[PDB]
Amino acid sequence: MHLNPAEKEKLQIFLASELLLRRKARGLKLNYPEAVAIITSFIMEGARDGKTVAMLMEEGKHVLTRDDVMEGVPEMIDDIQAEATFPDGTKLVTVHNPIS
């Protein structure tokens, strides 16, 4: 596979997001690391899908809403940043105040 250090680490975000998604599906209000993992993986998968950085900056604000998360979590997350390989190489996505 030729995994580099970043690829190995980023697998763990996908796994955390899968864990978090299962928790959300059984009715739990998500906590801080769960919410960050879901949004982060969505961005990385969006890059893989070929979306633009601008599309993901927009979409990342609509992945989770306040009713999906515990009290205070929206205010704990000022931004979520992720780097992924777009069709035009690695780019940084910053989602500001992802959960209102």
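Residues carry their position along the shown sequence, with the first being 1.
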*CA B-factor placement of residue 34, once the chain's modelled residues are sorted into thirds*: lowest
*Select lowest, middle or highest to describe the third in which the CA B-factor of residue 48 falls within its chain in this entry.*
lowest
*Compare the C-alpha B factor of residue 81 with those of the other modelled residues in its chain, then answer lowest, middle or highest third.*
middle
*With respect to C-alpha B-factor, does residue 54 fall in the lowest, middle or highest third of the chain as deposited?*
highest
_Position of residue 63 among the chain's modelled residues by C-alpha B-factor, lowest, middle or highest third_ = highest
